[PDB]
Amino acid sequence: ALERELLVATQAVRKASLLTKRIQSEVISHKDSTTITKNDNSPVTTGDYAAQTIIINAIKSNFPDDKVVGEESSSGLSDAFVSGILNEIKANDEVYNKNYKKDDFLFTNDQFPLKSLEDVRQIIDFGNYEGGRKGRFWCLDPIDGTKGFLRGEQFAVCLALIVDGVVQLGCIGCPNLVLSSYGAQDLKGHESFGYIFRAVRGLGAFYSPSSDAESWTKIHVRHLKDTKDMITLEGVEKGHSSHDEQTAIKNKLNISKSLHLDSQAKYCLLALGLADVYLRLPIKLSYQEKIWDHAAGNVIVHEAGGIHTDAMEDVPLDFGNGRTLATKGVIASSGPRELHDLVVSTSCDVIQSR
């Protein structure tokens, strides 16, 4: 089920994963001409746009009518900037086609050739769908955790397919994820551009070194019994979640181990069974989480046997509400239900105690 879509997603993320891994230090050193500030003061770089261009152009070459909700827009980009996006794509093509070309797979075609600056603008702007309750659409965060990317640390390339408001397929590239950093083993070929994790609803969750992406290894959450032995997953950026209220949850549950890292790589480590609880409580309750920050991990965690809800009500996340989630905060865990509900009710109590 969804065979073609899974192959398209996997290769699109794979090619964008090599580009963003390759760019990381060039964008950092040259963080005066490749980094733009958006209306909410968040950063956007040549990497974010190049990854969006590669993945939407692969989607459209294979599925010409498909709808895409992508984070970025080309509005306002100068020609000079868009020439830099094209150049990075072509430079990545020269490295990528030497080693990793996939037989019988097209990233571009006659209709969407990805040759000109106008092609780049058009492709980026096919990500302007607003989502919603009915029908099939793609959901894309080209670089999830751009601040992690700019710190030379973790970031992810995230794509999902949503159908009738439910995530059916997810694919997350984590180009800089080294599993030895945590407590685990790294697989053959992980060093060039990290790992790809993926899942289709009902068919399990799997991963592979990005450079391979042919041999897939099944993953599953772990099942620890005592919260005192568990490990939390939290972001690094203090403005993305309430770290002090997450510390209160940890103290109440006697949790003393925590991993901080940017992006939906966090969901991948939960799905691999390397940590137990992802916490993301909101500092301000007016914030609405973007669907592209959670859709790919939602199906991956579900298929790995975990649970995924908001941070207060303990209800499933609804990916049919448009570009954002109407609930407050996000919490995911290895389950079971008793563990998950203990974490979420503790979160609701801490938030209500403000």
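Each residue number is its position in the shown sequence, starting from 1.
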field: Stretch with the greater mean C-alpha B-factor as recorded in the entry, comparing 247-255 against 162-170
entry: 247-255
message: Tell me which stretch, 217-225 or 121-129, has the higher mean Cα B-factor listed in the entry.
response: 217-225
- prompt: From 116, 92, 232, 264, can you pick the one with the highest C-alpha B factor in the entry?
  reply: 116
query: At the C-alpha atoms, which of 148, 204, 189, 142 reaches the highest B-factor in this entry?
result: 189
message: Among the modelled residues of this chain, does the Cα B factor of residue 287 put it in the lowest, middle or highest third?
response: highest
message: Where does the C-alpha B-factor of residue 88 rank in its chain, lowest, middle or highest third?
response: middle
- prompt: Lowest, middle or highest third of the chain for the C-alpha temperature factor of residue 28?
  reply: highest
Residue 52 CA temperature factor, ranked by third within the chain: lowest
task: Check where residue 175 lands among this chain's C-alpha B-factors and tell me if it's the lowest, middle or highest third.
output: lowest
